[PDB]
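Residue numbers (our numbering), protein chains in the order written: chain U, 1 to 13; chain Z, 1001 to 1218; chain P, 2001 to 2216.
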Amino acid sequence: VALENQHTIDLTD
Amino acid sequence: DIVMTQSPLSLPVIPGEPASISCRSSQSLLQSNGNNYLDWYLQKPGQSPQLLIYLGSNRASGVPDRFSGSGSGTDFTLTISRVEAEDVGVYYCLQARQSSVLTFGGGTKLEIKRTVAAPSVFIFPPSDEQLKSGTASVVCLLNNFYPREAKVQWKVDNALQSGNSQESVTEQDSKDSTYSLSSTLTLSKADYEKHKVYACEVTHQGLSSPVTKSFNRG
Amino acid sequence: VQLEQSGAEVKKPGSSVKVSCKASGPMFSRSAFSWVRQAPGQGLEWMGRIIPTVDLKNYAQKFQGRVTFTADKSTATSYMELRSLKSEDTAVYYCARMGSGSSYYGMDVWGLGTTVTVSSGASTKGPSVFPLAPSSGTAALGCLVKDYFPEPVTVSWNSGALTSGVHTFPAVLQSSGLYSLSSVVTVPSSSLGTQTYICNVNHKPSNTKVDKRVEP
């Protein structure tokens, strides 16, 4: 996920 | 992708004085959220790495305030305002600009420049138990010296030995900042019993002249 | 210990090794886990990460194709499997926890590391422990921990009651392909007649524990 890769979201929630 | 430079490779610092370590990235580490994704890690001798600074300038929990990270973009600096003996180890920088790609720098060994200390030298004959198994190990110990440079010369019946010894050296001690060195001379039991005097000759800048420890038998 | 790793391993060239990293339930569910290795005397190298909650994996380019991370959500354990092993893969492999994405604030919790040795002589062998006897105000004594394989070994003195003055040296690889290590301690010379000194040598790859009394 591009968002997670740029430190914008956290895929653990 | 992204290459991390760290300099210097090694950094000798007098206790109580400041140290500065540089880290260079081939690409800016500044993200769209304003954070620079550059961490600093410390690996003390015999231990796992531990986080010291995260995201450029943030101290990890329990890290004293004499550690500080600075910089943005491509040039970063770890400063220790006053070095102490416990700080010895290898410091690594690390970029995490993309969460999916992490890269370490090459590391910087911090050396505590304590005062010169001559080694205490001890020599150990092989044990009875080992001699019964057909081989003889003679061990020479150079204990608690500084700096690391030291030369060990094995002499058997005054003959310089070559190719039959191995040595290793501890990392700098976290309390007194010294090194120790262990050298093992290995012979067959039959060769050991051919000779009489086993000597370890030690050269180190803390000594007035080379010191020799030896024993008779074998 | 917040992150528990599996024990030391020795494997033949070309085979595979699987290393585990167990976290608490709550830690596992909120974390990514990096794998970082360190060859003997070398620096740290990031191999990749897994986010167990979303079964997401990223691999360092150098390792793409022969590393696989997996996770067991029911036991809060993630796994690193490295295939087609080469001599260059002999290293300590560390598990390190970190936040995902916007929660990344460094790899703040680290495992103790797992020593993996790649060797065509892939046979665990227990050490021989020999005294380094004192004699010849401060005296030195020790234990010689010889002819074991693979790394690592740990040494304590008097079951850990004696720590001051203790130096355990890095092992050397002998010509036979087996390791040898010495551990020494300096003590008051006056103690040689009244204090017993015992080194406790633990070589877990062979489940070996040895106590050696070192008499002057």
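All C-beta atoms in this analysis are idealised placements derived from N, C-alpha and C, irrespective of residue type, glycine included.
- Taken in chain order, the members of the stretch 1013-1044 of chain Z whose beta-carbon sits within less than 7 Å of a beta-carbon on chain P are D1039.
- Residues of the stretch 1071-1104 of chain Z whose Cβ lies closer than 7 Å to any Cβ of chain U, in chain order: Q1098, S1099 and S1100.
- The C-beta of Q1166 of chain Z comes closer than 7 Å to at least one C-beta of chain P.
- At a cut-off of 7 Å between beta-carbon atoms, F2033 of chain P makes no contact with chain Z.
- By alpha-carbon distance to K1109 of chain Z, the top candidate from Z:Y1091, Z:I1123 and Z:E1017 is Z:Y1091.
- Beyond the five residues adjoining it in sequence on each side, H2167 of chain P comes within less than 8 Å, by CB distance, of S2183, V2184 and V2185 in the same chain, given in chain order.
- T1178 of chain Z places its beta carbon less than 7 Å from that of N1144 of chain Z.
- Beta-bridge annotation (DSSP): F2069 of chain P is paired with P:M2080.
- Proximity of chain P to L1142 of chain Z at the Cβ level (cut-off 7 Å) is not reached, the minimal Cβ distance being about 10 Å.
- Judged by their CB atoms, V2116 of chain P and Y2093 of chain P are nearer to each other than the 7 Å cut-off.
- Checking the DSSP bridge columns, you'll see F2130 of chain P partnered with P:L2144.
- With 16 or more other Cβ atoms inside 10 Å of its own Cβ, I1053 of chain Z counts as buried.
- Burial of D2089 of chain P is indicated by the presence of at least 16 other C-beta atoms within 10 angstroms of its C-beta.
- Partner residues in the beta bridge of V2036 of chain P, as assigned by DSSP, are P:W2046 and P:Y2094.
- Pairing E1201 of chain Z with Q1153 of chain Z gives a Cβ-Cβ distance under 7 Å.
- Closest in C-alpha terms to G2126 of chain P, from the list P:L2178, P:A2032 and P:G2101, comes P:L2178.
- Non-local beta-carbon contacts of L3 of chain U in its own chain, meaning distances under 8 Å to residues more than five positions away in sequence, involve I9 in chain order.
- One thing to note: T1079 of chain Z has its Cβ within 7 Å of the Cβ of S1020 of chain Z.
- The Cβ-Cβ distance between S1183 of chain Z and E1167 of chain Z falls below 7 Å.
- For the pair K2209 of chain P and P2131 of chain P, the CB atoms are not nearer than the 7 Å cut-off.
- Any Cβ of chain Z closer than 7 Å to the Cβ of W2157 of chain P would place that residue at the interface, and such an atom is absent.
- Membership of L1030 of chain Z in any beta strand (DSSP E) is not indicated, and neither H nor E is assigned to it by DSSP.
- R2097 of chain P is classed as buried because its beta carbon has at least 16 other beta carbons within 10 Å across all chains shown.
- In the three-state reduction of the DSSP assignment, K2212 of chain P falls in the strand class.
- For secondary structure counted as the alpha helix (DSSP H) over 4 or more consecutive residues, the stretch 1083-1133 of chain Z holds these complete runs in sequence order: 1128-1131.
- Contact between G1218 of chain Z and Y1192 of chain Z holds: their C-beta atoms lie close to 5 Å from each other, under 8 Å.
- In this structure, P:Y2148 is the residue among P:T2138, P:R2037, P:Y2148 and P:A2161 with its C-alpha nearest to the C-alpha of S2176 of chain P.
- Using a Cβ-Cβ distance cut-off of 8 Å, the stretch 2153-2170 of chain P and the stretch 2193-2201 of chain P are in contact, since at least three pairs of beta carbons, one from each stretch, lie closer than that value.
- By the rule that beta-carbons nearer than 7 Å mark a contact, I2051 of chain P touches chain U.
- Residue contact check for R2097 of chain P against chain U: no CB pair falls below 7 Å.
- Using a Cβ-Cβ cut-off of 7 Å, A2023 of chain P does not count as an interface residue toward chain Z, since no Cβ of chain Z sits closer than that to its own.
- For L1078 of chain Z, the three-state secondary structure derived from DSSP is strand.
- Here the alpha carbon of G2113 of chain P sits roughly 15 Å from the alpha carbon of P2150 of chain P.
- For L2085 of chain P, no CB of chain Z lies under 7 Å from its own CB, so it is not counted at the interface with that chain.
- Secondary structure note for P2026 of chain P: its alpha helix (DSSP H) is the uninterrupted segment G2025 to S2029.
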